[PDB]
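Asker: Take this structure first; my questions come after.
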Amino acid sequence: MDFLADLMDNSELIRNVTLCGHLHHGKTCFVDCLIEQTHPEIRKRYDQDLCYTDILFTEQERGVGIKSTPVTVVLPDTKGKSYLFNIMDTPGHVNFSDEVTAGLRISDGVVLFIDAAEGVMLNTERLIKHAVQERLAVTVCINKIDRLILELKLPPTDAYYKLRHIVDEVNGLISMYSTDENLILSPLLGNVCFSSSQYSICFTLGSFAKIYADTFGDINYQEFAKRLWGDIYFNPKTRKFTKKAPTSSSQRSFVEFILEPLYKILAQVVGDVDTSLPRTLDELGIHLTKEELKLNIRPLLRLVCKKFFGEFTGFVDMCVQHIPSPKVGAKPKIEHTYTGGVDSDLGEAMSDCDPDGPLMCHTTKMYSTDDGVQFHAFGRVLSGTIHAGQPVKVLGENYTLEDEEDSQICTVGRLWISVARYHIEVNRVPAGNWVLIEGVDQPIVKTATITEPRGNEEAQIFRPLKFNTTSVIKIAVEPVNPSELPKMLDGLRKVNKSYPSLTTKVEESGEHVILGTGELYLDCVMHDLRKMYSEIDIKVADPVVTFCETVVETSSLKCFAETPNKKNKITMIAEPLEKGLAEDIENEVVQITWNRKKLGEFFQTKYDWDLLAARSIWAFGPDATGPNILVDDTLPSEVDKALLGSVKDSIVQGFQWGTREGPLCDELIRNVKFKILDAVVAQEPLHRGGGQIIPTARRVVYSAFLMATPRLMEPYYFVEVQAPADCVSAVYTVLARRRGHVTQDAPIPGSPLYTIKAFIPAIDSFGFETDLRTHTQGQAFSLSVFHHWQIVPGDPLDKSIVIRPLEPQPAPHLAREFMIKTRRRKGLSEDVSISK
Amino acid sequence: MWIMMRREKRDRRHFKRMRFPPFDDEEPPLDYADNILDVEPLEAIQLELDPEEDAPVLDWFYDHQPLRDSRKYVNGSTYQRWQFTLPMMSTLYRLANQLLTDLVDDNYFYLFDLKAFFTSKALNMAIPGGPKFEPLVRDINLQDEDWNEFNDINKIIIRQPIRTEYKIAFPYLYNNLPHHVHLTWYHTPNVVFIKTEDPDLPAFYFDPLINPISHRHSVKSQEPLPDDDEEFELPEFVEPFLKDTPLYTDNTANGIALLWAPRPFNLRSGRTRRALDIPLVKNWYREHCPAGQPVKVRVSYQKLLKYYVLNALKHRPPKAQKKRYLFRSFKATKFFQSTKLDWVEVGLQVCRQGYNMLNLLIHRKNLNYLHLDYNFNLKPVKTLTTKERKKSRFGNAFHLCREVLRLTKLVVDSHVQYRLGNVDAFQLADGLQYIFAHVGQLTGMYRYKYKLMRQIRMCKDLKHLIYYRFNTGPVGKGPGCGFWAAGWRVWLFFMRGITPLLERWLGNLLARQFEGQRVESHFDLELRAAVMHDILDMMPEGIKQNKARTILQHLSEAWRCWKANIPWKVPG
Amino acid sequence: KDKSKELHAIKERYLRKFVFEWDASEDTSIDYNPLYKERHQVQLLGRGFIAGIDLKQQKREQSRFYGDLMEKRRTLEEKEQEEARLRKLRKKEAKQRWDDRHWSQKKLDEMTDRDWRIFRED
RNA sequence: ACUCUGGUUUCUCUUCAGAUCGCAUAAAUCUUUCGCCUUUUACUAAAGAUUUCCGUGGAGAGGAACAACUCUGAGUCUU
Ligand SMILES: O=P(O)(O)O[C@H]1[C@@H](OP(=O)(O)O)[C@@H](OP(=O)(O)O)[C@@H](OP(=O)(O)O)[C@@H](OP(=O)(O)O)[C@H]1OP(=O)(O)O
């Protein structure tokens, strides 16, 4: 037990991994198998999956993992070397992408999981991109190999064909996301593992070569581990592996020396269990008693495969030599994560992960207790050492060097490293490891840079947790009895803490609004809000979708705005951006930190913008990645550049906030270009203050937007469904009912299931996940995630459109129906006026 | 039995439903010694088994207790914890394909799980295929929630209506006040299983139901690979682990297809269940819906599911006991003996015993104007004068006992008709199903305990379920169904329910000694009695005890004075 | 008529006698929309059939979609055994169709004791 | 490949029962809430709390049958 702490002290025998993968792909069962390997007293039930890491009750009843769970375990390697493994088995549901990112910032390794009978799915398509964008080594473990044999009953050659088709599709798809050309995955190289979690089967080519070497002996398992995967074969007469076929009915090496023995052993334990089973266990050295042979087929298969393969050494040596150690992976993690990068003193102090250096651990999760009162933070100690009772300094997400007010000095109460259900109390946690810090819940929402007090003077914070999806769905929350409203404020704060992309908000009409990704996500968060944190009654409005406001054409007149003093006068024009330019802003392709020359060349080549304005672009919409843009287009002779540069900041401040709110209603402004045609600034810095410019800035922005023909943009969810070919029409009929349209219907190779990829309006996608399965009697299944935004049909600003109370309106009325009710939901005026 | 009873209903153009009662009246049940013992029984309903396939079960399939003697398969005569080989189990599974839906996963039960039904009950909402329930809490005022600024219509966008199944799938998002609600989203990865149909085929075959992989080599996506005779050599000893053993045996396809069999047929071994506790058509009304069936069987499906969900919800763990068996104490007693006997003899014996009991109960007060016939019908020997009519009346318990005796007498007489060659085995089964599906019509027991209507309706619902599944294709409509075990068990659960009630009422009735607006009467008399008891108790035992009425009058006067709000102060 | 029914449902949401036969008012399968009025019956890969219903009745009643899919994918080299097994089935249940025959076209010599009882019962 | 190893079945008695005792499912009583409401006996149909009933698992004890054919782990596991 103390060897756990001894290995904990070292920083090179430690791996930080995430077993990220699609929904229901065996990740939780894989961790359960690892636990069953380590802990002997923990034995899985004969039929019910134990689901060890599924510790909260809601995922124990719904059957889907919801929140990532830390697992700290010592795993022997193929050669028997112990390694300390930090496992963050992220939930697989695409609506739960919050926890994938939350566990991916604090990990250096990505262990993908792909169902052998399902192939690459929607989820994985985004996790490979995300992990590459976060600069982690990516490794694939095709799980549920049993499906190719006990369910599909494929010939072993076709099983290998399926395996290579799903292996190279990962390589082919990842080549778009990965700039480097060292990221080619192949089991012969050691990137790819093969496993069946239910039957505990797990191997890399090296491990299986180790089994053969163990049996026959005098075998070098490395050379034989190579020359297994591929189109090469084996010659029984010359005992050499050849590219060409040694016989007419030849067979690939992998199939011949790995897949075929698996087929035979599991067929012997599911067929002729009574006649030819002892014969095939004598030939394999697996000795069993009478009472362990009287079990059912599934437990017998799991036991026999545990005896044959043994411990999960294949996963261990797959992980060890193909993901960097924290001492090695710290440099890319820091240069992508720390705001100042490696260049700063603290940045250079991170490249080596010194256990005695400065402590600026990073926490990215909130694992509540069983009473829900206090929140135990979870984070990685990127460097330094932490102790129980140590007086520590917790930073925030708005904390900077200039803004020293966003921090708190706290006392680390206790420290313990956690493995799912049970936690191990430790007085000291060294660098490069994980920990649940206690007593730091008060000054944190979501991420935090918990660092030393009065010891890290110039230390900055870590970058905000950037996600892959966007919080789209929006639900109103109120107490049943307003006499217990404060009881619900703290519950909303708690759920905001325990959900990385949850966005609580109070609006002008005294409305509490919760933002989420999908139906199941909001179901889980409100179940937590009701039965866990607030233990009161809560009324919910039916889900509504956040909208966006855009333009399609230039304004008829150059509408302007002046300060109340009638001295400053700013004239601006709102026009749409080039198709695809908005995406090239949100993807961090271009930034405001760029120098002028690079952005000028970018807009001169890719978007053919004139250099007279390409070097006169101030801001990029709201926040930093906002899709809108502010453009300076005043001729220098009429607007003094020296005089302009004073309000150059305030105009942006009134613009970065001007586009955030939106004149039509309190919704984001997207895909709009603002050209300034005239500036009349006060010649003295006295009357041109921010309190006068900023209202004028927002007013001129709103006036230009309104005078330009405005439109609403609704977010479309990208829905994939997997159904047998008899139910493809049953998906077309459902998707046609909700204004959707199908993009592709591709059968999955090596499986009768299909994959129908379509788009569906988010406001029109409520219940579709149930409207499909019930219509197809549960055979079909859908997953949804936000893809893009589209102009809502119709003109949002027509007064001839009448909104009936309780029946859907046609497409042309939608743009009018959506905002007005939204306006009514916002508490604003019924219509829009040019004064706004 | 299901696969053949559908054939004789298709073979016999007309069918003769056995008479009911199958026996005449005023005639005692036939003696077992003279008639039943000698007559050779007719052939029973049995399927000829194909020795080419059904051989593993050919030797013993239609025995009384199959494999009772075989120590290899069963533990012994206690007949528990059977062990069955895979060929045996596969043969049984193939033979039971008519009573087994071919569902591999449970994704077909998306919103027809019992957890979803618990949710629907706790929400006072009904799945279209699901049952209706009374509200858990009336909350009529909570139903009449006022038009607030929260639930205001003009603030709500309606695109697609929030259907009940939406509020059931996500009972914490689409609705309010979700008390005693359960969750289920068990979208198990839909198992992609393709059961073989070819008797001759490789077990691991690439059947066309699988979309081809379509392997390609267009782009030179090469990987580290060796050349011929490149720094490697294999030992002569080393080989693939299993070379001698074939890739697939004959029992491989059956074994793999046995993985995804229903619950009973995925066990290599397991404990033994009773004949009562095996619901054969349980997985029939649990199905999603009947495919375009009339209303009188759709409502039957909802009414079966309603009772199923009610039993599932109201289930409680059994209470810890001390295991006092009843017949074992009888065997201990000197008054009883054990003997192997034919069942029909036992029925003819018990009918006479119950008839004698009821005649004794009738002639308990020596009233000769009530007579019980041999069909358990209580009739007057002469037109009843009103005094004698009222003088000879029995409570609901006696009538219930008489009617259940009539039911068992009907069953026994039907079996006797079978043994006497009066009816066929098919006729016997159809008659038994009619008895167990029309107990109300044949016996007026519901007039003596109203709750029986449930069972009555239950059985009728079961009929509808089996019939619509029985009268399918070329079978047609007629009295040719003998699948009685579906409704036969229900009256046995009714029997275990009513056994102690009758065993207590008869005990009270048939014994040497017979035994047979209350809160305002509670605290007046008891309190005053306690006060007087204490006062007289501590009052000295002399002649002064003549003053008890004085104390009672003082108590009454004080109570009156408090009631009259008048000062009460006795000086002495 | 679906539109009026669904709008009406929206308005609904947001605003002694020993009888044995049940009532038709307890029926719940009534639906105002097609996607639940007419649910896509599970073809179950065509090789799986509902328990109670007869097998070949389902086979001929089946949508045949997987039948034509197999006709498309199956190659000639592995159609011979399909045709052979199909014809062998047709022959072996033709055995039952002819050997087990109604007495209306069974002669006296063909007619057996079971068929004799069938005729006498008729 | 040497050893000691050593029964399962069956019928009872006595307790403990966590667990789907039971991959099944009845009845009664009581307290609330409805429905009916004309009084008991039947009910109504949900809730809660009880009890009996048909069964069950485990442990132990006592007999009987295969009690003596075996058999299992242990071992130094002896060319
Ligand atoms: O009169 P219907 O409602 O159309 O149904 C009848 C009725 O049975 P149910 O009324 O109970 O459904 C018949 O006689 P009873 O049952 O009323 O005495 C008989 O049913 P039995 O076979 O049980 O006598 C018959 O069935 P079949 O056509 O199979 O003879 C059929 O019932 P189904 O409508 O369920 O077929």
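Naming works like this for the structure tokens: A, B, ... for the chains as they're shown, residue 1 at the start of each chain, ligands 1 onward in shown order.
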Compute the set of chain A residues within 6 Å of chain B, using only C-alpha atoms, and express it as number ranges by chain.
Answerer: A: 62-63, 151-155, 216, 239-240, 242, 257, 261, 264, 270-271, 296, 523, 527, 539, 542, 749-752, 767, 777-778, 808, 821, 824-825
Asker: Kindly provide the residues of chain C that approach ligand 1 to within 12 Å, each paired with its closest atom pair and their distance in Å to one decimal, based on only C-alpha atoms and all ligand atoms, listed by chain and increasing number, as CSV.
Answerer:
```
residue,atom,partner,partner_atom_place_in_ligand_line,distance
C:20,CA,ligand 1,11 (O),9.3
C:21,CA,ligand 1,10 (O),7.8
C:22,CA,ligand 1,3 (O),10.6
```
Asker: Pull C-alpha atoms from the residues just selected and write them as an mmCIF file, in the first residue's frame.
Answerer:
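Listed below is the output, selection19.cif:
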```
data_model
loop_
_atom_site.group_PDB
_atom_site.id
_atom_site.type_symbol
_atom_site.label_atom_id
_atom_site.label_comp_id
_atom_site.auth_asym_id
_atom_site.auth_seq_id
_atom_site.Cartn_x
_atom_site.Cartn_y
_atom_site.Cartn_z
ATOM 1 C CA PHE C 20 -66.992 -8.946 -17.138
ATOM 2 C CA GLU C 21 -66.268 -7.400 -20.537
ATOM 3 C CA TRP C 22 -64.116 -4.300 -20.189
#
```
Asker: Where does chain C meet chain D within 12 Å, residue by residue, with the nearest atom pair and distance in Å to one decimal for each, counting only C-alpha atoms (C1' of nucleotides), listed by chain and rising number, as JSON lines?
Answerer:
```
{"residue": "C:16", "atom": "CA", "partner": "D:43", "partner_atom": "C1'", "distance": 8.9}
{"residue": "C:17", "atom": "CA", "partner": "D:43", "partner_atom": "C1'", "distance": 11.4}
{"residue": "C:18", "atom": "CA", "partner": "D:43", "partner_atom": "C1'", "distance": 11.6}
```
Asker: Give me, as JSON lines, each residue of chain A that comes within 10 Å of chain C, together with its shortest interatomic pair and the distance in Å at one decimal, counting only C-alpha atoms, with rows ordered by chain and rising residue number.
Answerer:
```
{"residue": "A:724", "atom": "CA", "partner": "C:45", "partner_atom": "CA", "distance": 8.0}
{"residue": "A:725", "atom": "CA", "partner": "C:66", "partner_atom": "CA", "distance": 8.3}
{"residue": "A:726", "atom": "CA", "partner": "C:43", "partner_atom": "CA", "distance": 7.0}
{"residue": "A:727", "atom": "CA", "partner": "C:40", "partner_atom": "CA", "distance": 7.5}
{"residue": "A:729", "atom": "CA", "partner": "C:40", "partner_atom": "CA", "distance": 9.5}
{"residue": "A:730", "atom": "CA", "partner": "C:40", "partner_atom": "CA", "distance": 6.8}
{"residue": "A:733", "atom": "CA", "partner": "C:35", "partner_atom": "CA", "distance": 8.4}
{"residue": "A:734", "atom": "CA", "partner": "C:35", "partner_atom": "CA", "distance": 7.5}
{"residue": "A:737", "atom": "CA", "partner": "C:35", "partner_atom": "CA", "distance": 9.6}
{"residue": "A:752", "atom": "CA", "partner": "C:45", "partner_atom": "CA", "distance": 9.0}
{"residue": "A:771", "atom": "CA", "partner": "C:35", "partner_atom": "CA", "distance": 7.8}
{"residue": "A:772", "atom": "CA", "partner": "C:35", "partner_atom": "CA", "distance": 8.7}
{"residue": "A:774", "atom": "CA", "partner": "C:36", "partner_atom": "CA", "distance": 7.6}
{"residue": "A:775", "atom": "CA", "partner": "C:39", "partner_atom": "CA", "distance": 5.0}
{"residue": "A:776", "atom": "CA", "partner": "C:40", "partner_atom": "CA", "distance": 5.2}
{"residue": "A:777", "atom": "CA", "partner": "C:42", "partner_atom": "CA", "distance": 6.8}
{"residue": "A:778", "atom": "CA", "partner": "C:42", "partner_atom": "CA", "distance": 8.9}
{"residue": "A:779", "atom": "CA", "partner": "C:42", "partner_atom": "CA", "distance": 7.7}
{"residue": "A:805", "atom": "CA", "partner": "C:11", "partner_atom": "CA", "distance": 9.7}
{"residue": "A:806", "atom": "CA", "partner": "C:11", "partner_atom": "CA", "distance": 6.9}
{"residue": "A:807", "atom": "CA", "partner": "C:7", "partner_atom": "CA", "distance": 6.0}
{"residue": "A:808", "atom": "CA", "partner": "C:7", "partner_atom": "CA", "distance": 8.6}
```
Asker: Could those selected residues go to a file with N, CA, C and O atoms, as a compact mmCIF listing (two decimals), in the first residue's frame?
Answerer:
```txt
# COMPACT_ATOMS: atom_id res chain seq x y z
N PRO A 724 -30.93 -0.35 -38.69
CA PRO A 724 -30.88 -1.35 -39.75
C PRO A 724 -31.61 -0.84 -40.99
O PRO A 724 -32.44 0.06 -40.94
N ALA A 725 -31.26 -1.44 -42.14
CA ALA A 725 -31.71 -0.92 -43.43
C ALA A 725 -33.23 -0.89 -43.54
O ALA A 725 -33.77 -0.13 -44.35
N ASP A 726 -33.93 -1.70 -42.75
CA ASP A 726 -35.39 -1.70 -42.80
C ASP A 726 -36.00 -0.46 -42.14
O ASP A 726 -37.20 -0.24 -42.28
N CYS A 727 -35.20 0.33 -41.44
CA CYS A 727 -35.70 1.49 -40.70
C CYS A 727 -35.19 2.81 -41.26
O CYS A 727 -35.42 3.86 -40.64
N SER A 729 -36.14 4.43 -43.98
CA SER A 729 -37.31 5.24 -44.29
C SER A 729 -37.98 5.76 -43.03
O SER A 729 -38.50 6.89 -43.02
N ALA A 730 -37.96 4.97 -41.96
CA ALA A 730 -38.52 5.40 -40.69
C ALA A 730 -37.74 6.56 -40.09
O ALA A 730 -38.25 7.24 -39.19
N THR A 733 -38.89 9.78 -42.59
CA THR A 733 -40.22 10.31 -42.28
C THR A 733 -40.19 11.16 -41.02
O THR A 733 -40.87 12.19 -40.95
N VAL A 734 -39.43 10.75 -40.00
CA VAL A 734 -39.35 11.53 -38.77
C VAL A 734 -38.62 12.84 -39.02
O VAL A 734 -39.07 13.91 -38.60
N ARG A 737 -40.48 15.61 -40.64
CA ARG A 737 -41.53 16.22 -39.84
C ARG A 737 -41.04 17.41 -39.02
O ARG A 737 -41.87 18.21 -38.56
N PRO A 752 -24.68 -4.65 -40.72
CA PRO A 752 -25.95 -4.24 -41.36
C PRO A 752 -26.45 -2.88 -40.92
O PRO A 752 -27.30 -2.30 -41.61
N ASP A 771 -38.71 10.58 -30.40
CA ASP A 771 -39.62 10.46 -31.54
C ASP A 771 -39.11 9.46 -32.57
O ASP A 771 -39.91 8.97 -33.38
N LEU A 772 -37.82 9.14 -32.57
CA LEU A 772 -37.26 8.20 -33.52
C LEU A 772 -37.26 6.77 -32.99
O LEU A 772 -37.73 5.85 -33.67
N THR A 774 -39.01 5.39 -30.60
CA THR A 774 -40.36 4.86 -30.43
C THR A 774 -40.99 4.51 -31.78
O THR A 774 -41.68 3.49 -31.90
N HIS A 775 -40.76 5.35 -32.79
CA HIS A 775 -41.32 5.07 -34.11
C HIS A 775 -40.70 3.83 -34.73
O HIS A 775 -41.39 3.05 -35.40
N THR A 776 -39.40 3.63 -34.54
CA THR A 776 -38.72 2.44 -35.01
C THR A 776 -38.67 1.34 -33.96
O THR A 776 -37.91 0.38 -34.12
N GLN A 777 -39.46 1.47 -32.89
CA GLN A 777 -39.53 0.47 -31.82
C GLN A 777 -38.15 0.18 -31.23
O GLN A 777 -37.82 -0.97 -30.92
N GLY A 778 -37.34 1.22 -31.08
CA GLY A 778 -36.08 1.11 -30.38
C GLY A 778 -34.90 0.64 -31.21
O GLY A 778 -33.78 0.62 -30.69
N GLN A 779 -35.12 0.26 -32.47
CA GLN A 779 -34.00 -0.20 -33.29
C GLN A 779 -33.09 0.96 -33.67
O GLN A 779 -31.86 0.83 -33.61
N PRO A 805 -51.68 32.00 -30.39
CA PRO A 805 -51.17 31.58 -29.06
C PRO A 805 -50.52 30.20 -29.03
O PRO A 805 -49.34 30.09 -28.65
N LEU A 806 -51.23 29.14 -29.42
CA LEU A 806 -50.78 27.79 -29.12
C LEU A 806 -50.83 26.86 -30.33
O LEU A 806 -51.33 25.74 -30.23
N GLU A 807 -50.31 27.30 -31.47
CA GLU A 807 -50.13 26.40 -32.61
C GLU A 807 -48.95 26.85 -33.46
O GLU A 807 -48.71 28.07 -33.59
N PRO A 808 -48.18 25.92 -34.02
CA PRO A 808 -46.99 26.30 -34.79
C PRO A 808 -47.34 27.13 -36.02
O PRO A 808 -48.35 26.90 -36.67
```
Asker: List as a Markdown table every residue of chain C that is in contact with chain B, defined as an atom at most 7 Å from one of its atoms (using only C-alpha atoms), together with the nearest atom pair and the distance in Å rounded to one decimal, sorted by chain and then rising number.
Answerer:
```
| residue | atom | partner | partner_atom | distance |
| --- | --- | --- | --- | --- |
| C:10 | CA | B:161 | CA | 6.2 |
| C:20 | CA | B:457 | CA | 5.9 |
| C:24 | CA | B:295 | CA | 6.8 |
| C:26 | CA | B:299 | CA | 6.3 |
| C:27 | CA | B:299 | CA | 5.1 |
| C:28 | CA | B:128 | CA | 4.9 |
| C:29 | CA | B:128 | CA | 4.4 |
| C:30 | CA | B:128 | CA | 6.7 |
| C:47 | CA | B:195 | CA | 6.9 |
| C:48 | CA | B:102 | CA | 5.0 |
| C:49 | CA | B:102 | CA | 5.9 |
| C:50 | CA | B:101 | CA | 5.0 |
| C:51 | CA | B:101 | CA | 4.3 |
| C:52 | CA | B:469 | CA | 4.6 |
| C:53 | CA | B:469 | CA | 5.3 |
| C:54 | CA | B:472 | CA | 6.5 |
| C:57 | CA | B:473 | CA | 5.8 |
| C:70 | CA | B:208 | CA | 6.2 |
| C:73 | CA | B:208 | CA | 5.8 |
| C:74 | CA | B:208 | CA | 6.1 |
| C:102 | CA | B:11 | CA | 6.5 |
| C:118 | CA | B:12 | CA | 6.0 |
| C:122 | CA | B:14 | CA | 6.2 |
```
Asker: Could you turn the residues from that selection into a file that holds N, CA, C and O atoms, as a CSV table (one decimal), in the first residue's frame?
Answerer:
```csv
chain,number,residue,atom,x,y,z
C,10,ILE,N,-52.6,20.0,-27.8
C,10,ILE,CA,-51.8,21.1,-27.2
C,10,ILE,C,-52.6,22.0,-26.3
C,10,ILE,O,-52.2,22.3,-25.2
C,20,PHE,N,-68.3,-8.3,-16.9
C,20,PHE,CA,-67.0,-8.9,-17.1
C,20,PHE,C,-66.2,-8.3,-18.3
C,20,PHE,O,-65.0,-8.1,-18.2
C,24,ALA,N,-64.6,0.1,-23.7
C,24,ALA,CA,-63.7,0.6,-24.8
C,24,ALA,C,-63.2,1.9,-24.4
C,24,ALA,O,-62.3,2.5,-25.2
C,26,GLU,N,-61.3,2.5,-21.8
C,26,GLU,CA,-59.9,2.4,-21.2
C,26,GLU,C,-58.8,2.2,-22.3
C,26,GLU,O,-57.7,2.0,-21.9
C,27,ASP,N,-59.2,2.2,-23.6
C,27,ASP,CA,-58.2,2.1,-24.6
C,27,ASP,C,-57.3,3.3,-24.6
C,27,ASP,O,-57.8,4.5,-24.5
C,28,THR,N,-56.0,3.1,-24.7
C,28,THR,CA,-55.0,4.2,-24.6
C,28,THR,C,-54.3,4.4,-26.0
C,28,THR,O,-53.6,5.4,-26.1
C,29,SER,N,-54.4,3.4,-26.9
C,29,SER,CA,-53.6,3.4,-28.1
C,29,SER,C,-54.0,4.5,-29.1
C,29,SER,O,-53.4,4.8,-30.1
C,30,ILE,N,-55.1,5.2,-28.8
C,30,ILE,CA,-55.6,6.4,-29.6
C,30,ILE,C,-54.4,7.4,-29.7
C,30,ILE,O,-53.9,7.8,-28.7
C,47,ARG,N,-35.2,-12.7,-40.1
C,47,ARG,CA,-35.0,-14.0,-39.5
C,47,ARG,C,-35.6,-14.2,-38.2
C,47,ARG,O,-35.6,-15.3,-37.6
C,48,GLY,N,-36.2,-13.2,-37.6
C,48,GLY,CA,-36.8,-13.2,-36.3
C,48,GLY,C,-38.3,-12.9,-36.4
C,48,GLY,O,-38.7,-12.0,-37.2
C,49,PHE,N,-39.1,-13.7,-35.7
C,49,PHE,CA,-40.6,-13.6,-35.8
C,49,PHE,C,-41.2,-13.5,-34.5
C,49,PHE,O,-40.7,-14.0,-33.5
C,50,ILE,N,-42.4,-12.9,-34.4
C,50,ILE,CA,-43.1,-12.7,-33.2
C,50,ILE,C,-43.5,-14.1,-32.7
C,50,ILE,O,-43.8,-15.0,-33.5
C,51,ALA,N,-43.6,-14.3,-31.4
C,51,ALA,CA,-43.8,-15.6,-30.8
C,51,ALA,C,-45.1,-16.2,-31.2
C,51,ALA,O,-45.2,-17.2,-31.8
C,52,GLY,N,-46.2,-15.6,-30.8
C,52,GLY,CA,-47.5,-16.2,-30.9
C,52,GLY,C,-47.9,-16.4,-32.4
C,52,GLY,O,-48.6,-17.4,-32.7
C,53,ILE,N,-47.6,-15.4,-33.2
C,53,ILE,CA,-48.0,-15.5,-34.6
C,53,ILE,C,-47.3,-16.7,-35.3
C,53,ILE,O,-46.2,-17.0,-35.0
C,54,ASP,N,-48.0,-17.3,-36.3
C,54,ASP,CA,-47.4,-18.4,-37.1
C,54,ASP,C,-46.3,-17.9,-37.9
C,54,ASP,O,-46.2,-16.7,-38.3
C,57,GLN,N,-46.9,-17.5,-42.1
C,57,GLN,CA,-47.9,-16.4,-42.3
C,57,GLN,C,-47.1,-15.1,-42.2
C,57,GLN,O,-47.4,-14.2,-43.0
C,70,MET,N,-31.3,-9.3,-50.1
C,70,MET,CA,-30.6,-10.6,-50.2
C,70,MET,C,-30.5,-10.9,-51.7
C,70,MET,O,-29.4,-11.4,-52.2
C,73,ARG,N,-27.7,-8.8,-53.1
C,73,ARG,CA,-26.3,-9.0,-52.6
C,73,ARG,C,-25.8,-10.5,-52.9
C,73,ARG,O,-24.7,-10.7,-53.2
C,74,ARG,N,-26.7,-11.5,-52.9
C,74,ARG,CA,-26.3,-12.8,-53.0
C,74,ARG,C,-25.7,-13.1,-54.4
C,74,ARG,O,-26.3,-12.6,-55.4
C,102,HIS,N,-57.1,-33.3,-45.1
C,102,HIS,CA,-58.5,-33.3,-44.8
C,102,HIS,C,-59.2,-34.4,-45.5
C,102,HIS,O,-58.8,-34.9,-46.6
C,118,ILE,N,-62.2,-37.7,-37.4
C,118,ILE,CA,-62.5,-36.3,-37.9
C,118,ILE,C,-63.8,-36.3,-38.7
C,118,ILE,O,-64.6,-35.5,-38.5
C,122,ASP,N,-67.4,-34.6,-37.8
C,122,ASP,CA,-68.1,-33.7,-38.7
C,122,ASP,C,-69.5,-34.1,-39.0
C,122,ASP,O,-70.4,-33.3,-39.2
```
Asker: Report as CSV: every residue of chain D with an atom at most 9 Å from chain B, its closest pair of atoms, and their distance in Å to one decimal, counting only C-alpha atoms (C1' of nucleotides), with rows sorted by chain and ascending residue number.
Answerer:
```
residue,atom,partner,partner_atom,distance
D:9,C1',B:76,CA,6.7
D:10,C1',B:77,CA,8.0
D:12,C1',B:328,CA,8.2
D:14,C1',B:322,CA,8.8
D:15,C1',B:322,CA,6.8
D:16,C1',B:320,CA,8.2
D:17,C1',B:320,CA,5.6
D:19,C1',B:317,CA,8.7
D:20,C1',B:317,CA,8.9
D:21,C1',B:318,CA,6.4
D:22,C1',B:277,CA,8.2
D:23,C1',B:263,CA,7.7
D:24,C1',B:277,CA,4.5
D:25,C1',B:493,CA,7.0
D:26,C1',B:497,CA,4.3
D:27,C1',B:497,CA,3.8
D:28,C1',B:501,CA,7.4
D:33,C1',B:138,CA,8.2
D:34,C1',B:138,CA,8.5
D:41,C1',B:396,CA,7.5
D:42,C1',B:449,CA,5.8
D:43,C1',B:450,CA,6.5
D:45,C1',B:134,CA,6.7
D:46,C1',B:134,CA,5.6
D:47,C1',B:136,CA,6.9
D:52,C1',B:500,CA,6.6
D:53,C1',B:496,CA,5.4
D:54,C1',B:496,CA,4.9
D:55,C1',B:274,CA,8.7
```
Asker: What's around residue 11 in chain D at 10 Å? Count only C-alpha atoms (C1' of nucleotides), leave out sequence neighbours fewer than 4 positions away in its own chain, and write the answer as a count of residues only.
Answerer: 3
